[PDB]
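Inspection log for the structure reproduced underneath, given as structure tokens.
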Amino acid sequence: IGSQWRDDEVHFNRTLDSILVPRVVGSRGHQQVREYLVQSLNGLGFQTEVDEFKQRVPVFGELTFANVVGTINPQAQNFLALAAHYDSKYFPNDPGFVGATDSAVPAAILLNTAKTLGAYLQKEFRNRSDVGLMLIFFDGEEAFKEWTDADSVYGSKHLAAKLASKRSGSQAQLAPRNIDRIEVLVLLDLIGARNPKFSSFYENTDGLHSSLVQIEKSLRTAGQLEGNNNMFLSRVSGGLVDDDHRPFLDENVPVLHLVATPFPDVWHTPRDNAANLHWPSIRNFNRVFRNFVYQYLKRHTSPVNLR
Ligand SMILES: *[C@@H]1O[C@H](CO)[C@@H](O[C@@H]2O[C@H](CO)[C@@H](O[C@@H]3O[C@H](CO[C@H]4O[C@H](CO)[C@@H](O)[C@H](O[C@H]5O[C@H](CO)[C@@H](O)[C@H](O)[C@@H]5O)[C@@H]4O)[C@@H](O)[C@H](O[C@H]4O[C@H](CO)[C@@H](O)[C@H](O)[C@@H]4O[C@H]4O[C@H](CO)[C@@H](O)[C@H](O)[C@@H]4O)[C@@H]3O)[C@H](O)[C@H]2NC(C)=O)[C@H](O)[C@H]1NC(C)=O
Ligand SMILES: COc1ccc(NC(=S)NCCCn2ccnc2)cc1OC
Ligand SMILES: [Zn+2]
């Protein structure tokens, strides 16, 4: 029922602990988490590629960025893409900042979703070529000096450009851009705090949002959620929130932006740590989300077009 796909909090908790370290681009911690993501994706049976590049940024000068991408069914026609950022924000006066909600927990949720749905993804899901699953760990989401158009979302700008560029020849020029084979980028951000609220930011992905609303109602009615707070609202968002999806949105990719609004109390303060996470909210999100991903992939037949 809701009971087909069970929790694995042992896995969740270890995965979170392994990500939850200071990880400004260029730091020892960032390299530790980078390597951890590669190992983890490989062990969950993904084809793993690193989009590594050098770029000059405020304060630091030249840094080496690396987006980490896992794919199952790489030669599929189209893809569900799920994403989070793995860098943490630089704060002169808070080198210990771990960004628990931003976005250690979102990143751990992605790996844990692949784990809990492993029995599907290991076999039946591989027996097809219509749809694949991409897990994208963006690097350099966070501004180095102050958030602006230029000082932000560095890894995503770079991955979006890479996926957008074509190869030579008739066959390529008549074929889609790689980036156009993403049916929707589902970006998770600011998840971990008590009683988060997710509202729909884009009309074209509103039916996907409605599915989350529905899965939540179904699991609640079956007694499978903790507490009585509604996490997925059937409401449009207040204003838009700038994030890693922007460079993708700009190349016409549809976006489901699962960022909590209001932002967690602790956002961009030293208190965005494990002590301030709310595990029942994490578990509730995980249950809704793993079922959403499963259903999307299981119900997929023809290309999903939301452009
Ligand atoms: C992934 O990581 C997360 C984060 O680290 C882990 O989350 C933690 O999970 C643990 C264990 O499940 C949680 O601790 C447990 O909390 C229970 C609820 O406590 C609160 O509510 C109850 C009301 O229901 C209050 O009574 C409590 O107040 C008292 O305790 C607090 C906490 O120290 C004190 O500050 C207070 O002043 C009170 O004294 C809380 O408000 C709680 O039931 C449970 O208690 C068990 O263990 C204690 C000793 O630690 C025993 O005294 C007690 O007997 C309980 O033992 C169980 O088993 C024995 C049999 O041996 C039976 O006698 C009992 O009936 C009972 O079943 C424990 O404290 C913790 O809160 C939670 N942390 C966070 C931040 O969410 C996940 O577990 C982890 N997941 C995995 C898979 O590893
Ligand atoms: C504190 O509440 C808010 C603060 C700012 C904004 N607006 C924008 S456009 N934010 C860009 C966020 C980029 N990011 C995400 C994670 N780390 C950085 C909205 C907020 O609440 C609705
Ligand atoms: Zn942030």
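First residue of the sequence shown? That's 30 in UniProt numbering, and the numbers climb one at a time after it.
By construction, the Cβ of each residue, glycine as well, lies at the ideal position given by its N, Cα and C atoms.
Spanning the alpha carbons of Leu192 and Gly252 requires a straight line of approximately 42 Å.
With a cut-off of 7 Å, the C-beta of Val215 is classified as distant from ligand 2, since no heavy atom of the ligand falls inside that distance. In the three-state DSSP reduction, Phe41 falls in the helix class (H, G or I).
For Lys144, the enclosing alpha helix (DSSP H) has its first and last residue at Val134 to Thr145.
Considering only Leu335, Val317 and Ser331, the residue with the shortest C-alpha distance to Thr145 is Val317.
The three-state reading of DSSP puts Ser158 in coil, since its state is none of H, G, I, E or B.
Contact annotation: the segment 325 to 334 does not touch the segment 294 to 304, with fewer than three C-beta pairs closer than 8 Å. For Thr330, no beta strand (DSSP E) encloses it, and the DSSP letter there is neither H nor E. Counting only residues of its own chain and dropping the five nearest sequence neighbours on each side, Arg264 has a CB closer than 6 Å to the CB of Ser228. With a beta-carbon spacing of about 6 Å, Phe321 and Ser240 fall inside the 8 Å limit used to define contacts. Taking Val215 as the centre and dropping the five residues before and after it, the same chain places the C-beta of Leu111 and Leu285 closer than 6 Å to its C-beta, in chain order. Every unbroken stretch of the beta strand (DSSP E) spanning 3 or more residues and falling wholly within the segment 196 to 250 is given here in chain order: 211 to 218 and 227 to 229. In the three-state reduction of the DSSP assignment, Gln253 falls in the coil class, being assigned neither a helical nor a strand state. Buried is the label assigned to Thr44, since at least 16 other Cβ atoms lie within 10 Å of its Cβ. In this structure, DSSP gives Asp131 a helical state, which the three-state scheme calls helix. For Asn107, the beta-bridge partners assigned by DSSP are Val160. Taking a cut-off of 8 Å for Cβ pairs, the segment 264 to 284 and the segment 178 to 189 touch, as three or more such pairs fall below it.
Not a single heavy atom of ligand 2 lies less than 7 Å from the C-beta of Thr330.
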